[PDB]
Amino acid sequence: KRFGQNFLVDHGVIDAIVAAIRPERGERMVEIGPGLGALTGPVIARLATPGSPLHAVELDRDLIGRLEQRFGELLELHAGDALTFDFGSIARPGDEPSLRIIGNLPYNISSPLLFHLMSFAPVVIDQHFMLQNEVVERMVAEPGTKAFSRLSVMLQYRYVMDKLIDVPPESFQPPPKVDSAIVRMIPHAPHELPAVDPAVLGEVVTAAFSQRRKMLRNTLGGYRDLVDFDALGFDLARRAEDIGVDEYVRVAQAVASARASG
């Protein structure tokens, strides 16, 4: 649970995070949750020039005034909740992906925000976040492992992801009681995504993860009239938490096929 504010202060860790991101001049980048500017400053130093600011999203008026005072027109801050922000508004015109996203997300907002950002994946070059280690473990989790979840499946479907750096509590003033980590996310290109209707994948994953520790025979039981998964060789004695992204794609392909006409 977020208790007050925890600001990153260790200079070595800050510089390591910047080296992982590799912000460069010419890049369109937005930072979510700049805090007191621990990453904002170093990123601006590498990436911002007059006419090409670093973008940021923040709601706290005290933090906004402090940032604008410190960085002036090198920062372009969009005042509001990131969870309700149309990130599309700050992509460059054109068909090529153009937006780099970075930030530091508290625990509560991590899942909702990661899900919100999925709709902007086509205009996104990459994402780098500082999150609690528990969250990062879930994003990159293998099937059947303690941390494997709905989030793991939907993000692994859409992005290539890598845990890059461990960030211990002493990195922060005051230190929290949790470990953190930096994770990179790169959206698959359209031709690299599996041939599946993402709406049907979402539907299936939502059903399975209703109770991730129960047998699929129960949690995909709403599909039992439509598709006989057992007849197709899919073992329904397994649980949602045991099944990989590739298998979920196959289930969704089976469901779409069962519904097909023409």
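Quick note: we count residues from 1 along the sequence shown, nothing fancier.
- For the segment pair 190-198 and 53-61, the entry gives 190-198 the higher mean B-factor, averaged over Cα atoms.
- Here the stretch with the larger average CA B-factor, out of 96-104 and 161-169, is 161-169.
- Taking the deposited Cα B-factors for 80, 112, 122, 174, the highest one is held by 174.
- In this structure the maximum Cα B-factor among 90, 117, 75, 147 is found at 147.
- Among all modelled residues in this chain, the alpha-carbon of residue 250 has a temperature factor (C-alpha) in the middle third.
- In the PDB entry, a CA B factor belonging to the highest third of its chain's modelled residues is recorded for residue 70.
- Among all modelled residues in its chain, residue 152 ranks in the middle third by Cα B-factor.
- Ranked against the other modelled residues of its chain, the C-alpha B-factor of residue 237 as given in the entry falls in the lowest third.
- Among the modelled residues of the chain, residue 184 sits in the middle third by CA temperature factor in this PDB entry.
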